[PDB]
Each structure stands twice: as structure tokens, then as C-alpha cells.
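**Student:** Take this structure, written in C-alpha cells, and hold onto it; I'll ask about it next.
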């Protein structure tokens, strides 16, 4: 079809944090609290490997 | 054949981080998180030795 719809909220003011900000968020936040949760109680009950 | 196609994105502004950025990312991002995976899950829990 024509699909009649596009989203560009990954580029600019539409929040779209650029590659630098994306790397910043990933490294300091996502992986770090993932490690904290995993080392907290375990893996299976806590954050899944999936 | 002629192959009618080229691509050299690994050089410049198109993110293509130079050898410095790539080697530092491997030094303290790729190995650090890979070793965290090995310690937590192991070689075979996530992607294997390949």
C-alpha cells in the first residue's frame, strides 16, 4: 500500500535523542540498572535474558 | 561483473567511527559487557564463542 503514515521522532526536537544522547542513555542507565537488577537477586525471576 | 554499487560509510560523518573510537569501544564496552555476560550467564547462555 502507500502506508499513509511516518514517524520521525528519532531525529530532532520530536524527542529523537541523537546518537550521542542515545549512547549516553544506553550506557549509563539501561545496562547499568540491568546489571544491578541481575546481580540483585538473580536472572530468571528478575530481568529475562530475552 | 560491474556490481554498479559502492558504500564506504565507515570513514566519516556517516557515523563510521575511526579506528580510535572503534578500538576504545571494543576495549571498554564490547569486552566489558561480554565478560559481564560470561560471568553472569556464561559462554553459552548468550551468544557462543563464535
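A short reminder: the numbers here are calculations on the coordinates, not readings from a lab. Cβ sites come from the backbone with ideal geometry, for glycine too, and all protein chains shown count toward neighbours.
**Student:** List the residues of the range B:24-40 whose backbone N lies under 13 Å from a point placed 7 Å from the Cα of residue A:38 along the Cα-to-Cβ direction.
**Tutor:** Flagged as within label range: B:30-40.
**Student:** Could you bin all the Cα-Cα distances of the protein assembly as shown into 5 Å bins starting at 0 and give me the percent of pairs in each, rounded to whole numbers?
**Tutor:** 2, 9, 12, 15, 14, 15, 14, 10, 6, 2, 1, 0
**Student:** Related question: Taking N as the number of residues in chain A, what is its Cα Rg relative to 2.2 N^0.38 Å?
**Tutor:** Output field value: 1.70.
**Student:** Please report the spacing between the Cα centers of the range A:2-37 and the range B:1-37 in Å, no decimals.
**Tutor:** A separation of 19 Å, based on Cα centres.
**Student:** Just to be sure I understand the model, the point goes 7 Å from the Cα along the line to the Cβ. What's the resulting residue A:19 to residue B:20 distance in nm?
**Tutor:** Simple spin-label model gives 1.6 nm for this pair.
**Student:** Measuring nothing but label to label, 7 Å from Cα along Cα→Cβ, what are residue B:26's distances to the other copies in nm, shortest first?
**Tutor:** Distances to the matching label points in the other copies: 1.7 nm.
**Student:** Using helices alone, I'd like the mean residue ellipticity at 222 nm for the protein assembly as shown: each DSSP H run of four-plus residues gives -39500 (n - 2.57), total over residue count, nearest 500.
**Tutor:** So the calculated ellipticity at 222 nm is -10000 deg cm²/dmol.
**Student:** What's the angle, to the nearest 10 degrees (0 to 90), between helix B:31-40's Cα axis and the longest principal axis of chain B?
**Tutor:** For helix B:31-40, the angle is close to 30 degrees.
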